[PDB]
There are 4 protein chains.
Amino acid sequence: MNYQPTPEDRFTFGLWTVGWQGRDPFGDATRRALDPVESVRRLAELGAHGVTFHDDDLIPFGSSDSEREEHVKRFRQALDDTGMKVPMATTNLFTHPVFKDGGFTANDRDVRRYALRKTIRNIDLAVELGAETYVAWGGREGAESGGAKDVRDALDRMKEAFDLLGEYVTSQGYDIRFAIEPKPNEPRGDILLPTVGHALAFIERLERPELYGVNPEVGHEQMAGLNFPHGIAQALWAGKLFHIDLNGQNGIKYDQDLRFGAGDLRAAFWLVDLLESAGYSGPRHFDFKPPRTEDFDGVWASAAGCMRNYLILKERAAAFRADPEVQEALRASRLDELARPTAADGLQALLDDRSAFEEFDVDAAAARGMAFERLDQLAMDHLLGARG
Amino acid sequence: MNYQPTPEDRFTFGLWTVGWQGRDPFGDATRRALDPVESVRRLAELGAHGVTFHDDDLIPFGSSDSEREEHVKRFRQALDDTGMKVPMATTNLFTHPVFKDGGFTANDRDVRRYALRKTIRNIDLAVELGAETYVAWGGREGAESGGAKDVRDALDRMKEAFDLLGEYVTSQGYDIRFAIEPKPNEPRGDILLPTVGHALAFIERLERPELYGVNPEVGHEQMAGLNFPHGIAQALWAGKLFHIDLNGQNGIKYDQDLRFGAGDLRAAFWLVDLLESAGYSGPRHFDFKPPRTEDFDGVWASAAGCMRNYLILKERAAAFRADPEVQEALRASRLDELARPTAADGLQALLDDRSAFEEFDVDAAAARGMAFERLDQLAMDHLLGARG
Amino acid sequence: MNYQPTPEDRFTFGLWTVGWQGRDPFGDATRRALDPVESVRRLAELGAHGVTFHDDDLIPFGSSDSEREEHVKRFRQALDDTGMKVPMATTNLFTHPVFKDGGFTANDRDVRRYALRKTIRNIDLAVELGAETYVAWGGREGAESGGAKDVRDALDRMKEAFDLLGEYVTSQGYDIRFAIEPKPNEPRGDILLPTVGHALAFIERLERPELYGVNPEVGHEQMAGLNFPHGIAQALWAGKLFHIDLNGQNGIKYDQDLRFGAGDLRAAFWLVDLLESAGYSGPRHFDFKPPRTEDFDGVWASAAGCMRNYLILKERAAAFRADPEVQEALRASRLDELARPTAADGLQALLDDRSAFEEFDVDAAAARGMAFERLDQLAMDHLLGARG
Amino acid sequence: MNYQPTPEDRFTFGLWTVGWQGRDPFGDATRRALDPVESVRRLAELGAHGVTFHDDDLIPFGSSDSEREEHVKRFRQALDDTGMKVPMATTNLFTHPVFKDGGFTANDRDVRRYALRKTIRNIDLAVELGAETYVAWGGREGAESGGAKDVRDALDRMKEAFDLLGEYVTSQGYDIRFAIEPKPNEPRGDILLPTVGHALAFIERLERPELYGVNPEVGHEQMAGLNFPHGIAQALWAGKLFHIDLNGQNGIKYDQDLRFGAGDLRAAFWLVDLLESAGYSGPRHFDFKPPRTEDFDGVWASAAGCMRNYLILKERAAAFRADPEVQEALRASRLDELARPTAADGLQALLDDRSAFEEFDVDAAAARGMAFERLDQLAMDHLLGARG
Ligand SMILES: OC[C@]1(O)OC[C@H](O)[C@@H]1O
Ligand SMILES: OC[C@]1(O)OC[C@H](O)[C@@H]1O
Ligand SMILES: OC[C@]1(O)OC[C@H](O)[C@@H]1O
Ligand SMILES: OC[C@]1(O)OC[C@H](O)[C@@H]1O
Ligand code: NI
Ligand code: NI
Ligand code: NI
Ligand code: NI
Ligand code: NI
Ligand code: NI
Ligand code: NI
Ligand code: NI
């Protein structure tokens, strides 16, 4: 009815999102820089719950320890003034030229040691600001050519780095968990751990896997042509959806980071349906870039639209699931039977069950339509508000 | 010098590859069916090591137990006559209309029970023929629309199915392992476990993960735009590369299944380099389709070219790694340093090491070129046989 | 309010769409064949305006001249009984094995001559049934490998074929125009004239270009990652949008042919906006496949949903353009200025205009935001029926 | 034997290629700027024939008329000192913020007039330096959202701009032709005239089409998944290949601009085969970026590798076509018959030829294999230097 967000909806934004100045590989900045304090204040006015940051977004690279304390205190006063929270933070291991061949998996060992120290420094700061999740996006971990990177040795180095970070937070007693953010490419030709599945598999080889989950981004899995709600379902099934980055992407091309709801709208519908039906309770974080065509009024419009589109889709997905005609259609398509065990009776009874093979009427079973198109048109009508 | 294969090179082919009759979604078959015995004999003459099969390739669907024994005995006599082996087998859970919504994750429970019994029947046959690996490709597990498949319930059903199959082989005492073959799409709109990473992650949630690995296919990961040698490296790092399907693919489109070496030739070079340097010792299996333009002479030509291209690339990758100028280039690009631990000295010494942060010269480190382009041009010259 | 189609909405369907039996490259048919007469009757009941056909959909391949006349007369009686029209027809030059290397650009000259005679035979039949457009989809014109097809010689052969067909219809006095339907790949590895742009360029080299236009399909341009409404705009700008195939596609992969509205929903919105604002008056033809999961009740549901989704999107696009707040936003984003000539004053006055260069304030111009994000969120709200 | 380039091989490089400082959307520059004079000298030493430039690469934006003359004179002295030529130039209408919504199709009319004056100024300079081709890449012409750009009005504006530029060069008497460079996306979400086909079609609607051709880039057509040699063949067939940009791209993702030969190596082979067999005589221009991992020694290595790989592939493609076994294979696959007219006898004799339809043996024709796989393996063996 009214799609007004409140801090209760847990919407969060990175400083680097509304603060993106619009520099792209072919053009100069179109907007001036935003003071972090100014972004916190404007986002609070729009109904956001909190903000996130990379170390270098908050404290400019090379800052003296005294300049550092000054930047943090001003930030903390804006948070106190507005009620905004800081649920996640991350490290910039991709902008400075020293990270041109990676941070944790750089071929040069001294760069890998520096990347870990820069990371540990910001974990301390994140805990101080109350963050519960620490994200890692290995944007420069990867290669443009085959001989440049032995990927088994690089995964060893990646494992070593995350194991050391887990040792660090456990030895310090911190209540923070790690979330790896996959991306298949850009800025490297191929990035290691390119999808949610590769990241989930990797985590199972860490020494303390319970401290690590994923931070998937809508557009990154779509850059590989994959179904984002399906990957999120697999992450939820594994118990590893620790955080999520929401935005939009129009297919397989450069990372667009459009506002949430733009891009593949039906995938956004099915994502919100899943998050809300699974009871995901973390932040709904937007990692987006207001297009460089926009002035600052367009930046705030784009940020507001992120939140608005989430709340419209939440209403439509709830109306879909609550509709008795949809519930009947779900039974007609046997979603109830999918949720029942195949063989709770056990292996031996399955083998002795002649109705499962010797006397199974395969032709009768094959003729049964699944009724999925009528179900999908009910979902389309609900999304478009065309139920009457 | 001479690129002649021998059974020692372990090249294997599925019956369904050379026997593909050329039916595609827009056209009729262009070739008559091949008798399996005839394929075994022709492949042996070409230097292959063995063949693989789906149950329905060897025994036509619906066969009586007596027709079954007859088809198997003829096959076994061809194997005895030629020295050919059968290292892998698999189940067809995708062609019959009863599998239109899947086998293990079909919404209908009776279809899921039938799919397991059809599978178990062929595992027994595979063990009898001496197969060491049983492949599962869930070609119909997936969906064209969002509401048709709850993916968490479907992963529960998938886990239940593989757990029951593991219970079966362990209770029977069989020495066979399972290999899941990922594919991102086609014939379903999205297929569950779409990439090597999703399959590896899934396996870690099975009750006896040691019985399960992956069977990646070159073209399937490329249908998601991913780097196949990188995914194979991750599978090798995890200890899960139990088998591999070799073929070629020209980018993101329908599954072409071209002969190996066609498609992305440099990725084929880097794949062979990795397999041979990691000492992969399983079968080099070709899952390919000779194009429907071809008559049977072109089918055998295409099969021979699979083997030929592997052996040329093996020679070029070995020449690359053995070249002293390449070894010097690898050190110049610090591949030796990538293989050294980042912090064997431990967390505490890293934190107290001022050379890792307080006194690290980031500008000096940043200026060091990685020399990857000279290394990659040496690899190009070796691939093209242009070293002089 | 009520999204009921009538024959006035000009919705048409190919016989091969609702009649697709569900055979795909990995599985058998899931539905029995439909008699063309039965499809005409069922589609009329749903509110369709007419049907289209390939020669081989209506008259089975190899039919005797007498069997032929019989199939046509039964069809014509169904059309008379229902009021259905036949606005377009086409030729099947892709299913029979003789067309495995193409019809018009087959390397074998005798096949190319046969393809033209099979085509001419059906043009006569289409005119008899009252078709105004004859579509050509060169599904097999192309190659899997580089040496198999000299593309300059193949374009010569393609031009020769269309020139001869134009000579034929002009010599017979027929009032029919030709529409080339591009597709980038599938079933050939690469298909010639792969996009709307390549087809439009080709037409300009024909002897009588006025007889030829394009028949773009939503999903085909999306298989190349292109923006379909943009390509349709270019076709409309050139005066060549003679017909259109509507369906849905989820990105770059095999040709899904989903029902219209599925796939990229926002692109469907912008397509309907363009067609209706440009006053396109041809048929709105659905070239779709009801998924093979469906029985015949699902086939009719899917066909009805094609029409329903067009009419919902038509209502939302009209509400968008009629909204005074949207009209103000369009002026704020200077769409009115885009439609004004850049230099109606002429070249010399442009060169002497110091306000265009010497005294142009580039910094002031650069600071002006384009306001596109607020405009796009108004379009999203209209699409979702969330204006209040 | 020796793959040493000489100026006779006509290899050219843009100033912006070797001079790319390595700034990407996620990171800072890794290399200092190169003085244009220094690049001219280094490229001459490597065997290049000439260089190309955007206006802003040579003369920094905002330069005074006196600073301008100074930059040009220094450049001209380097050209005189080295023998280097300047065969092409272009305009930068994409970096400055004023071009954020385009140059020729910007919604703001005053920006469109400025873009034309900036262009005309550099055409005069290009003619002075002896360029024969003027390239236009409309990198910012396009949109991220549907309502922001009416594409018919934008094509009107694009046509108006190129028509005015043609009026200008004809009124000045200049001997220069225009080449439009297509790209499907990046930096805009969708770019207008996204492929070679759309550009060729557009040119036919200009007032003086003979002055305009295309400048295709390998990686740009591959960003749409298209076959670059096929698109080049269509451009050659139309008589419009006025220039070409050579580089490499690994599939559908961000524009990588790798050195030529990297990316899809077999497509590079077939491109060189086509260019050399068609007798293309323009510049072989590399539009590439040495990866930001590299220092200046790696920049020159990467530039040299562009030239080296062209010359290796030229030798292998010539060996392929000269091989008598390949010539026999081409006849076996009926490439000779593809080049013969389908119906030089004319329409009426085709209609009366019973051997073309009534008495055509379609089954006999269908059984003939095309022998394309043996031909393609000969091409692979030649590419890899594996003929013995
Ligand atoms: O997507 C990448 C990003 O914007 O920068 C890194 C951080 O993790 C964030 O998600
Ligand atoms: O790729 C799919 C395939 O050809 O059919 C199933 C089997 O696993 C084999 O790999
Ligand atoms: O899309 C291809 C199709 O379904 O078959 C050929 C006809 O042109 C129709 O469009
Ligand atoms: O590819 C784009 C580019 O590098 O910048 C514009 C010029 O046309 C050149 O081709
Ligand atoms: Ni992103
Ligand atoms: Ni992110
Ligand atoms: Ni495949
Ligand atoms: Ni396979
Ligand atoms: Ni289609
Ligand atoms: Ni179509
Ligand atoms: Ni490029
Ligand atoms: Ni270029």
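Looking at the header, which is where the method is noted, we find X-ray crystallography, 1.7 Å.
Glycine too: its Cβ is placed from the backbone N, Cα and C atoms.
Residues annotated as active site in Swiss-Prot: B:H54 (among others). Taking a C-beta cut-off of under 8 angstroms and a sequence separation of 6 or more, B:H54 (active site) has the following same-chain neighbours: B:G14, B:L15, B:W16, B:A89, B:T90, B:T91, B:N92.
Take the CB of B:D57 (active site) and look out to 10 A: across all protein chains shown you find 19 other CB atoms. Residues or ranges marked as active site by Swiss-Prot on the basis of similarity to another entry: B:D57 (among others).
Within the same chain, the residues at least 6 positions away from B:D245 (Mg(2+) 1 binding site) whose Cβ sits under 8 Å from its Cβ are B:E181, B:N215, B:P216, B:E217, B:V218, B:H220, B:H285, B:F286, B:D287, listed in sequence order. Residues annotated as Mg(2+) 1 binding site in Swiss-Prot: B:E181, B:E217, B:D245, B:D287.
Positions annotated as Mg(2+) 2 binding site by Swiss-Prot: B:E217, B:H220, B:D255, B:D257. DSSP assigns B:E217 (Mg(2+) 1 binding site) to a strand in the three-state reduction.
Within the set of binding-site residues B:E181, B:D245, B:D255, B:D257, B:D255, B:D257 have a CB atom less than 6 Å from some atom of ligand 7.
Using a CB-CB cutoff of under 8 Å against chain C, none of the recorded positions from B:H54, B:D57, B:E217, B:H220, B:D245, B:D287 qualifies.
Other C-beta atoms found within 10 angstroms of the C-beta of B:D257 (Mg(2+) 2 binding site) number 24, with every protein chain shown included.
Other than the site residues B:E181, B:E217, B:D245, B:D287, same-chain residues with C-beta atoms no more than 8 angstroms from the centre of those residues' C-beta atoms, the Mg(2+) 1 site, are B:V135, B:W137, B:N215, B:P216, B:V218, B:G219, B:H220, B:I244, B:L246, B:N247, B:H285.
Taking a C-beta cut-off of under 8 angstroms and a sequence separation of 6 or more, B:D255 (Mg(2+) 2 binding site) has the following same-chain neighbours: B:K183, B:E186, B:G219, B:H220, B:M223, B:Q249. Each of the binding-site residues B:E181, B:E217, B:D287 was scored by how many other Cβ atoms lie within 10 Å of its Cβ, and the smallest score goes to B:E181. Note: the CA-CA distance between B:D57 (active site) and B:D257 (Mg(2+) 2 binding site) rounds to 18 Å.
Note on B:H220 (Mg(2+) 2 binding site): other Cβ atoms within 10 Å of its Cβ, all shown chains, come to 29.
Proximity of the recorded positions B:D57, B:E181, B:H220, B:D257 to ligand 2, judged by a Cβ distance under 6 angstroms to any of its atoms, singles out B:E181 in sequence order. Listed in sequence order, the residues B:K183, B:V218, B:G219, B:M223, B:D245, B:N247, B:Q249, B:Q256, B:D287 complete the 8 Å Cβ shell around the Mg(2+) 2 site centroid, once B:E217, B:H220, B:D255, B:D257 themselves are left out. Classification of B:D57 (active site) by DSSP places it within a helix.
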